[PDB]
Each structure stands twice: as structure tokens, then as C-alpha cells.
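Read-outs throughout are calculated quantities, based only on the coordinates presented, and are distinct from any laboratory measurement. Here the Cβ is made from the backbone with ideal geometry for all residues, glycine too, and neighbour counts use every protein chain on show.
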Amino acid sequence: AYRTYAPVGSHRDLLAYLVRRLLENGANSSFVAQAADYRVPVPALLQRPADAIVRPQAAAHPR
Amino acid sequence: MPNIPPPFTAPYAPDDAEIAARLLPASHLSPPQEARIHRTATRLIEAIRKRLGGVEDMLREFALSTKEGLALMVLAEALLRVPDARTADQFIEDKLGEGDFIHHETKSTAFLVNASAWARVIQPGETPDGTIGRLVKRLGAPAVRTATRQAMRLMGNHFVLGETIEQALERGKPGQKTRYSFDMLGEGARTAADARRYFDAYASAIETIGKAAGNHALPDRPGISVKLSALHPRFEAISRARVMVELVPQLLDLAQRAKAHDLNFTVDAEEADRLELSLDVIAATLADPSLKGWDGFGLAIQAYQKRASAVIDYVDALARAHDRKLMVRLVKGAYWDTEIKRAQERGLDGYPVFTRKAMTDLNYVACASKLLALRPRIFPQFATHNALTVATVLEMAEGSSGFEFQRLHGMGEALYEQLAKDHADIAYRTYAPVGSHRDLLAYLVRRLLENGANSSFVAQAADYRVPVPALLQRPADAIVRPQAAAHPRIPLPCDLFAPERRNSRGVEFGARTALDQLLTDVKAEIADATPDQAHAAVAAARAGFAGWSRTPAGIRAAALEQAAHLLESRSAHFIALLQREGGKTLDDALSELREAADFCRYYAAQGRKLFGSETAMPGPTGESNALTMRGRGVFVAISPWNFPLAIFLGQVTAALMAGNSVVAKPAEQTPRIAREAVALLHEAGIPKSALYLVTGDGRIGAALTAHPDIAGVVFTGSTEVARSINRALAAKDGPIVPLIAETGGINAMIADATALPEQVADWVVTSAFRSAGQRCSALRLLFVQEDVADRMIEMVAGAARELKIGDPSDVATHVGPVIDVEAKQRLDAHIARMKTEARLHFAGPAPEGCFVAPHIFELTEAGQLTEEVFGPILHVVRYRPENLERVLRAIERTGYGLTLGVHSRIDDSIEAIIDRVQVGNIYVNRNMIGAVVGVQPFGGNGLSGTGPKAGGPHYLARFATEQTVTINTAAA
Amino acid sequence: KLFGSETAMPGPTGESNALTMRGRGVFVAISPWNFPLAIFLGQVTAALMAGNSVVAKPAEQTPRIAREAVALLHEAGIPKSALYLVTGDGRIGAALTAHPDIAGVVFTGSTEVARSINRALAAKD
Amino acid sequence: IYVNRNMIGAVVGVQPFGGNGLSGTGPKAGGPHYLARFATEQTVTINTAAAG
Ligand SMILES: Cc1cc2nc3c(=O)[nH]c(=O)nc-3n(C[C@H](O)[C@H](O)[C@H](O)COP(=O)(O)OP(=O)(O)OC[C@H]3O[C@@H](n4cnc5c(N)ncnc54)[C@H](O)[C@@H]3O)c2cc1C
Ligand SMILES: Cc1cc2nc3c(=O)[nH]c(=O)nc-3n(C[C@H](O)[C@H](O)[C@H](O)COP(=O)(O)OP(=O)(O)OC[C@H]3O[C@@H](n4cnc5c(N)ncnc54)[C@H](O)[C@@H]3O)c2cc1C
């Protein structure tokens, strides 16, 4: 099963919603953006999260 | 009425800065000129960025390498020629991307030369290998199918193709006129039969295009593009005499057929080393009276060449002298990467082309300016898909008449549509690629490099990350200053190894002044020892060892570098010797002279690193530990007849550099070059007490190697003699001394169906028959996939028939004599045997004298070749793709392991072959010969040699011995 | 340092040239009694590190230490197929070094035996 | 060569140990030229021009 949601509302509420929505479809880390970028190989999209962290002390972002 | 111009001979590679010094000021344009250009160009680009586009869009859309684009277009063409479209659709959905990745790639490429080859059950879980498998792993199978369908629309819309020229021509048919001129696919005939085929294709194209030319006058009639390399199988400067006599009547015949339909007839421009020869051919053809009263004859001129402006002058003078009107095509140039690589390999003193893109763009505009001023006698054709270039040429014409633009079908469409909307009197010619499947691969490769190139205008305009203003930067603003004309990150060939060492100088045979001077300089240019004299030589070398070993490494290195300088200073003398005593052709002699000097400079540089200072070892406090390398003693150097200067000097200078004294015994056939080399080393700084020459037979060689006082042997030659040397050394009761032995090989090459047959054929001919096959690295055994075997074999045979066999001092000679009568007898005996044992594909005609001509035999199996045969004799085995393991085993079985060639588009196949074999030198997609010092460390294993590799970083240490000095420093 | 990566050679644009170092084949390692562990292991791990498989013949006086060392190497990650211990006399040592399929010999011991080994190697075709 | 200390107990990677003449062939055990002797060189040359 999957549920599909449609955004529903008035024009006066669109801008606030569009802003929040666009940050994600534009983000480089976003899966959706990457899967649409054919420079990114399928195997790279399948890296396990644990293999990217490797070690507890690396949990926080270094920068 | 004016004089026919002298043969074209502009300087090949002048300095970029001097050219930029004239081009930069002259490119200046007033503000209103720049404003018109800016507006026109902005409008063209806006139109470009508005359909279903080109190759560039496909490469960008799927982020494809050029190799991947190539594989898909090849697969696309094969799928377009399946009789039933539903069959293709079924294949695409159900087979493609599911598996059989390499099979699909191999078959679709084989289809291009052998249509019957292309017409299973795919097991699941197949590892994705090959170009298509790797593509599938990266993008997924559905995207690959989608990319293949797009390649199919590109192949179907932008190329006019068939199995034969008749099928292509029928397909490209419009009582209408063709809206396209024909860019014919063919180039580089490898055989006489290819040259006739291309001739007939051009002739057929001209009738088809004539029957549909419409009723207007030039320039509003179709054109055909022609390549001189397609019309003659040895189209090269050294074969000029035969080219002038053979090619001209063919080119004339086609020009006449074209004139009869009042067509535009254009001779394409090819590599820089063919410029002069082509201008010779073109001039002699144009001179014929049968071409009067026709304004369509012409040629392409490449602005990326420094010589372009001079070519324009030459062409104008040609036109005035014969009172003709010419249509002249200005292009930038399609061979840039090739010109860079060739100038580097050939050790030229510069590049014939500019190395900054903006310099080409500058020179193009300057040349367009020049061409426009030669109207109306010259009708300029500006072939470019650059919107800025178009806008700039348009401004400078100040009108729209007396010239045209040109483009290739599938490129520049939106640009030129928009140009025509904004300027209704503008003419542009559109060319369609037309030809046979067997000529597609060579053309696709050249085409794809451009649509893939990052600097390419077309690629950039299709990349929306690149702002319109960036596409409109003026070329002069990118260069700024003359001294910035050359590309900062591309060294001149003489600096290719800087700062490690200098590169030897070569000569461009395609520059007649350079070749004539070399031929002139060259034309202007021994008792055995008793066994007692050999023993006295060892003893004298033993005495000189103490002082030579203690001479500082920098001093020893300086002598090698001075020897290199003297060799290059006296190259003509040494080349003459190599030709007369060695029997070598001019290119082989020059190459050997370069290699000799490269050995000196390389061992000198490695010598300083290795012997120049001690290595400090880590250790406890209060103690020092230093490792040094000292000369061993007296080395005996035994050298062969086939590289009687370079291998002679390589072995000798290595031993000397390590701090050994040397007794050198050259091959019996070549003592004169050995004696000159030794005198040169002495003159360069090698003391008489450190180097002695002893000449004579194997008895003399055995006297040297049996001597109890020698510290090592360096040997290049026969396998049997190496073992006898090894046994004589092992028999002594003294020290076990090093033996460095380089011996022969039965060198193989593997070619699959993804390899371009014309290219393989070139590389096979070179590798097997160059130097009459008297190189240790020479191809002896070709393995070729059965699907392309007939075509590959026929092409190698046809190419081998074009080789001139004869006197090595004649410039036109390709194959000189074998070294002596005994060599010829052994070769002729192997030939007689193979004739009764194996299929004969080619047996060339030898001149009277000590000559053996190229022979080609096909063996039922590799095991029929049991000996190294040191001559121009190729053996071929055809194999089935699934039986590659049998091929690899066959190669392993000989026990040799010197060189191996691999020809394939498929990286997984190449890598699998490299992983499997233990061969010393592997050459992928090029010839198997001419190892370059310090670039290809050369040497084999198994029956082929002991190591270490000559011309590599492990060689010098073998000639030396280690010493550790440990000092208790605690008292300090 | 040596086998971990290929060495890129200078050369022309449009061409790559890489130098690698590969195992030769089967090495015969012959070791003395006086350093029956360290010289035994020095010679063996050197050959193995270079990517050769090894047949090791220790001195007749000291096989127990050799067998323990070989067993330790196996446990450390050397596959059984890459390393074998053969014990015995000089005659067994001579059988190993006369074998036509071996790719090299590393030997520590007497001068006379080295020469006999060297002659046996040179005698092969 | 050992200066002002004993002549024995060569340390691996500190005193690369081995002789010449009747004493040995080289290269020295425990030194930087040893491993190469156990190996064979291979040169791989690839014409990369078709790629760019
Ligand atoms: C129907 C629906 C309803 C939703 N309702 C809500 C809601 O009520 N409240 C709400 O907050 N979200 C909500 N979301 C989630 C939000 O809208 C995004 O869609 C979601 O976070 C994307 O995750 P993913 O698995 O699609 O994509 P991915 O590309 O896998 O994941 C992206 C997410 O990773 C996280 N992230 C990115 N960078 C970093 C970083 N450097 N460090 C740590 N985390 C990082 C962010 O949460 C980001 O959204 C909803 C989504 C859907 C589809
Ligand atoms: C109909 C037609 C016929 C042609 N016939 C021929 C022919 O007979 N012979 C031939 O050689 N060419 C020929 N060409 C040219 C070649 O095919 C390319 O199409 C052309 O060079 C592209 O130039 P441009 O103005 O389209 O593109 P751009 O993107 O403006 O220019 C690219 C060009 O710049 C040059 N270049 C790239 N990098 C550098 C650099 N670092 N330093 C210096 N220069 C650089 C190259 O020549 C390259 O092709 C022909 C082109 C057409 C359309």
C-alpha cells in the first residue's frame, strides 16, 4: 500500500509552501535530485548509511 | 598568366607568441561592430537554447563517455537495419540490458564489416561487463534502452548509410533536388582494392547528386567532399613519387565527373604531415586543362594550423596562375589531439597547430578576413557551428554575398535557421555523412571527440550552466598577451620529460625542407680479436675499475649526457652507419639514434638518483647507518645486430653508470657502429681504462664470459646463447655473478570484433613487417575473432602488398634487407615449410639480393608455430569469442613473454587479458614496437628474459652491489 | 610501497604507461640451521609478499621450528595453497631446485651448495 | 661494515644484510632492494586517444 498526497489550498498560502518544497528538490544530498542526475551511478545511491558513518565519533558533521 | 607557385613549404611549427603579436592588434573592432556581433550572436544562441537535438545532447543527457556514445550508436545502426522494427523493439525491451552485454557489443560492431554476423537465451544474474554492462550498472537497463532509442533517431536522421554505397545512395534519394551536399565517409585506404572502392563510391555519389542538382548555377548546387587518403593506400610524404603518378589521375577523373554536373568538389584537409603532399596533388590536378570553365573545384583549409594563412596565399596564387575560380572551405580542424601526440612522439621542435582554443578562434577570424578579400575569384565557405564565429565573420563580410556558411547535418541547425531568419540573403550548405557501414566506425570516432569536448562551442551551448555571455567572450580577451598564446600546461616535445631530462630531437618527414635536409645530411656521410687480446682487455678493464668505480656519480652522469649530446650532434653520421651496416630505413635509423641518446640521458638521471648519495637508514640514537651502491667490477656487454647502436650503448652506459668497467663484444655483423660509439663515449668522458671494444665470433664472446675475473654479463640475443653463457658462468668455482639476458619472443596480438579493422591492419603491418620483422618485439602471431577475420586478414594482406621493399637508403623504402645470407636462408626455409603446412594468405615479391618479403600464413592452431622466426613473417590464428581461454593457454604454452598486443573497445576484456598474462610489455590499441626509454621499460620474462627491464627504474641497481656502513657514533 | 600501486611513466598525451610488479611463480626457499626461524621466515615472507607461492625446505637439523612457523603463517592469512613445507636431506633440496616449473630459488647456506644449485638451474633448458 | 661496535646481529631495515663475491649474490635481506628481485616487471601501454 502507498498513500499519495496532493497539496491543496489557496494562492495566499502557496509561497510559504513552495519555499519549503523547493529546498528539498534542489538539495545536493537529496536522493531525488541525485537519482535524476545520471552522473551518479546506481551503486552510489545504494551505499548503506552505516558505511558512510563508519565510526561513532564521526556521527556529527565535521564542518 | 602569373607564375605557378613553387611547391608549398611554409615553416611547420613557428612560435605562437610571434603570431599572437600580429593577430591580437588586428582583431580589434570598433564599438558598433562589436555591438552588432554581440546582438547577432546572442540571438543565434537564444535560438540554440530554445526539437530533438544532436549527439551532444545525448552524451550530456546520459552523461556518456565518448566510448559509450560510440557503442550505442553502433548498436543503434545495427538495430535500424533489422528488417522488422517489431523485432528490434522486442530485442531492445527483452534482451538489451538483461545480459549478453559483450556479445551485443561485439556483434553489433562486427555487423559493420560482416553483415551476416548479426541476425540466444539470457541467463539471469549475469555480471554486467563490457561497455553496455558497465553502462547498465551505472544508469540501469531502462535508461540504456532509452539512450539506445535516441541513438537510433540520431543514426537514422543524421547519417545516410548502407552496407554498400549503392544502398546508401538509394536511401538518401529525394524529380526533386537533394537539400544536402555529401560528406563521404571514406578515409585512409589500407589496400589498393580500398582505393578503388572509395574511387567508385565517390564516382557513384557524383552521378546520384548530379541527377538531382536542380537548375541553378553555382554556388547554388550540391557539393561532394573527398579525402586524398581514401584514394591512395600509401598517401605519405616518403611515397610522394608514386603518389604524384598514381593519385593525380584518379583525383582528376572524379573532378571531371563533378565538373560535368557543375558540382562543388572539395578536397578535405587531413593531418598536418599530409598538408604539403596534398597541396602538391591538388595543384597538379587543378593544372589540367580539362578543369577550365568550372568554378566548383576547391579544398579545405584548417585555421588551427599556424600555416593556414600561407596556405590561403598559395591557393590564391594557384587560382590566379591557372585563371580559375575556386570554392575554398575554411574550417578550424578535426585532428587536434592527433597533432599534439604525433609532434610529441616524433620529438618535433614545436606544434603545427595552436594549443590554445582561443588562438584557433583568432586565426579563423583572421583567415576569414583574408578569404573575404579574395572574392570574387575565391568563393569562401565557412564551416563552423560556433555562433560567435558566425556572427563575427558575418560582420566582417559587410554584406551577405560571394560566400556561404557550412554545417554538418545534426549540428548547427537552430543556429543557421535563426541566421537565415535575421539575414534573408545568407547562404548555408548542409552536408550529410554518406557511405558504407564498413567506413562508419572511423568517422564516428572523429565526430564524437568534438561533440564530447568541453571546449567545444556546441557542447557548451547545450550546457545551461554556461551563461550566454560566457559563450560570447572574444578570443583576444582570453589570450590578452602574446606570450600567453601557447597553452601553459602543454610542454614542447623537447620538454616532455622535464625537469628529469631532455628529450632527443626527431624530424617531421611531412615537412619537405626537414626531410630533404636530413636525406642530404645523411648522404653526405675491422680485424677480429684473438682470445689473448680479449683476455688482455679484461685484465686492462679490471685495472681501470678501481678508479672508475670511485669517480663521483655526477661525473659519470656528465659523460653519458655529453655522449647523448655528441650522438645528436652527429646524428647524420650515425644514421648513415645504421643504414649501410644495419640495413635500416631512414625512420628506423633515426629512431634508433634517438633511443641511443635517450638511453644515455635516462641512465644518467637514474644514475644520479641511485648512486649520487647514500640512503640513511633509521636506527637507534648514537649510531649511523648508510646504504650505498658500488660498481661490481668488470662487466662483459654482448650486443645484437638488430639494434647495433642503441642496445649496444644502453647496456654499456648502464654498466658504466653503475661504476663498472666494461668489455663490449658487438655482434659480428655490426662492429663498425660499435667502434664509432665507443670512440664517442671516450670522447664524451669515458676513460680508455674503463671501456674496451673486443670484436669477433661466439668464440671471442665465450672467451670473455668464461674469464674468471669478470663481475657480470649483460646480454641481448638468442635464447640458446644465453643459456650457454649462463652455464659457463655457473660452471666457475668463483662468485655467482649476475646475468642480465634479454632474449627473443613469439609475440602475439589479440584483436576482437570491437576493434577497428583499418587500424588493426596498420598496427599489424607495422608490428610484423617494420625493420623486416627484425625486432625482438615484433608481432609473430595474430589472433583475430572469426566474425572479422576475413576482413582483417584481407586488409593486412592488401596493406602488406603496398610496402616498398628495397634499398634502405631510398626514402620510399618500407622494408630493407635482412641482416645477412644466413638469416635469409633460415627465413626462406621456414617459409617453404609453412607453405606445405599452413594456409598462405600473402607472399610478397622480393627484389634480388638479401631480401625476404612480408609473408602471411594462417595456422589451424598456434601450436604450429614453435620457433621465433626473426623476419617479416606473420602467422594468423582465427578464434571463436568463447574460446579466448584456449588462445591465452596457447600463448602461455610457448614459454616466451616479451610483448603482447590487445585490440578492443571493451575495457573488461582488455583487463581480463592483462590479468591473465605475464608478458613484459602489453600494448593496447596501438602497435607493439618502438619501446621508448623511460616510457616503456622494455624487457620480457620466461624464455624472453631475466629482467630487470632496460630503460626502466630497476635496471641500474642490478649492475651494482649494496654496501651498508654502520658507525657507532656514541663516542661523539 | 612496491606492489601496492602502479608507477605512472612520463609519456605523450593520449597514452598511458604504467609499470607494475608481479609475482614470478613458485619460489623454492632453502634455509639454514643457524637462524632456523628468522631467516626461514625472512626468505619465505619476502617471496610471498612479492606474490609468489613458496615451497620451503628448512635445514635437516631444524624442521620443528619451520613447521611451527609455516603453521603460524597459515593462521595469519597465508592460504594453504600458497605455502608448503617439504622436509629432508640435500637430495630433497635438489629435487626441488631441479624441478622445471619453479620460478626462482632463495637460498642461505654453504658456498658449495649454492654453486650446485646454480649449476642445476643453468643446466635446465 | 661495522665501525667501533660488534660485527653481528644485523637489524632488519637498519643494517640490510648480505655479502658479495663468494659471500652472496645480493640483493640484501632486510633492505629496500630485496623484494623487487622476487618479482617481475610489467609495462602496460594504452592508447587512450579514442577516449579524449
Ligand atoms: C506525505 C509527506 C508528508 C510529510 N510530512 C512532514 C511533516 O509533517 N514534518 C516534517 O518535518 N517532514 C515531513 N515530510 C518530510 C519532508 O517533506 C521530506 O519529504 C523528507 O524529509 C524527505 O526524505 P526522504 O527519505 O524523501 O529523502 P532523502 O533525499 O532521503 O532525505 C533527505 C532528508 O535528509 C535530511 N537531511 C538532509 N541533510 C542532512 C544532514 N546534513 N544531516 C542530517 N539530516 C539531513 C532531511 O530531513 C532531508 O529532508 C513529509 C514527506 C511526505 C512525502
Ligand atoms: C562541413 C564541414 C566540413 C569540415 N571539413 C573538415 C576537413 O576537411 N578537415 C578538418 O581538419 N576539419 C574539417 N571540419 C572541422 C571539424 O569537423 C570541426 O567541425 C570544427 O573544427 C569545429 O569548429 P567550430 O567553429 O564548429 O567549433 P568550436 O567549438 O568553435 O571549435 C572547436 C575547434 O577548436 C579547435 N581546438 C580545440 N581545442 C583547441 C586547443 N586547445 N588549441 C587550439 N585549438 C583547439 C579544434 O580545431 C576544434 O575542432 C569540417 C566541418 C564542417 C562543418
The range B:566-637 to the range B:297-336: how many Å between their Cα centroids? 47
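Can you give the Kirkwood hydrodynamic radius for the range B:497-580, in Å, rounded to one decimal and based on Cα pairs? Could the numbers behind the result be given before it?
Values: mean 1/r = 0.0598 Å⁻¹.
It works out to 16.7 Å.
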Using Cα centres only, tell me the gap between the range B:457-511 and the range B:345-366 in whole Å. 8
Give me log10 I(q)/I(0) at q = 0.31 Å⁻¹ for the range C:1-53, Debye formula, one equal scatterer per alpha-carbon, no solvent. -1.12
The exposure ranking of B:313, B:323, fewest beta-carbon neighbours within 10 Å first, is B:323, B:313
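Could you line up B:336, B:294, C:33 from fewest to most neighbouring Cβ atoms inside 10 Å? Could you put the intermediate results ahead of the total?
On the way: B:336 21, B:294 18, C:33 15.
Going from least to most buried by this count: C:33, B:294, B:336.
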Amide H neighbours of residue B:617 at under 5 Å, excluding residues fewer than 5 places away on the same chain, with H built from the backbone geometry, are B:625, B:626, B:627
Compute the long axis of helix C:38-49 from its Cα atoms, compare it with the longest principal axis of the Cα atoms of chain C, and write down the angle in degrees, 0 to 90, nearest 10. 30
Neighbouring Cβ atoms within 10 Å as the yardstick, rank B:438, B:780 fewest first. B:438, B:780
Averaging over all projection directions, find the projected area of the Cα convex hull of the range B:845-972 and quote it in nm² with one decimal place. 14.0
Using alpha-carbon coordinates alone, the radius of gyration and Dmax of chain B in Å work out to 31.0, 107
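Evaluate the range B:717-828: find the radius of gyration of its Cα atoms, find its Kirkwood radius, and give the ratio Rg to Rh. Provide the component values of the computation, followed by the final result.
On the way: Rg = 19.0 Å, Rh = 16.9 Å.
Value, to two decimals: 1.12.
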Round to the nearest 0.05 the FRET efficiency obtained for residue C:68 and residue B:551 when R0 = 56 Å and r is the Cβ-Cβ distance. 0.65
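Over all residues in B:92-99, what is the mean tally of Cβ atoms on other chains that come within 10 Å of each residue's Cβ? Let's see the in-between values first.
Details: counts 0, 0, 0, 0, 0, 0, 0, 0.
That works out to 0 on average.
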With -39,500 (n - 2.57) per DSSP H segment of 4 or more residues and division by the full residue count of chain B, the 222 nm estimate, nearest 500 deg cm²/dmol, is -14500 deg cm²/dmol
Please report how far the C-alpha centroid of the range B:181-258 lies from that of the range B:1-68, rounded to the nearest whole angstrom. 27
All alpha-carbon distances of chain C, grouped into 5 Å bins from 0, give the whole-percent distribution 2, 10, 20, 20, 17, 10, 8, 5, 4, 2, 1, 0
Hey, got the average number of other protein chain Cβ atoms within 10 angstrom for residues in B:892-904? 1
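Beyond a 23 Å Cα-Cα separation, which of these cross-linked pairs lie in this structure: B:306/B:584; B:177/B:332; B:332/B:370; B:949/C:1; B:259/B:421? The partial results should precede the final answer.
Working: B:306/B:584 33 Å; B:177/B:332 30 Å; B:332/B:370 15 Å; B:949/C:1 19 Å; B:259/B:421 32 Å.
Beyond 23 Å: B:306/B:584; B:177/B:332; B:259/B:421.
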For the range B:365-428, which GluC sites (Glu not before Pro) are in a loop by DSSP, counting at most 13 other Cβ atoms within 10 Å? B:398
Under a plain spin-label model, where a point goes 7 Å from the Cα along Cα-to-Cβ, how far apart in nm are residue C:123 and residue B:204? 7.0
In whole µm²/s, the translational diffusion coefficient that Stokes-Einstein assigns to the range B:594-674, given a Kirkwood hydrodynamic radius over C-alpha pairs, 4 °C and 1.567 mPa s, equals 90
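Rounded to the nearest whole Å³, what is the per residue volume of the convex hull around the Cα atoms of the range B:391-510? Show your work: numbers first, answer last.
Details: hull volume 28.3 nm³, N = 120.
With only Cα atoms used, the range B:391-510 gives 236 Å³ per residue.
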Take the range C:68-107, compute every pairwise Cα distance, and split them into 5 Å bins from 0; I just need the percent in each bin. 6, 18, 24, 21, 21, 9, 1
Note: B:920-928 gets an average of partner chain Cβ contacts (10 Å, Cβ to Cβ) equal to 5
Enclosed volume per residue, in Å³, of the convex hull spanned by Cα atoms of the range B:141-202: 130
Give a quick list of chymotrypsin sites (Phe, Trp or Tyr not before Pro) in the range B:427-497 that DSSP marks as loop, anything other than H, G, I, E or B, with at most 14 other Cβ atoms within 10 Å. B:464
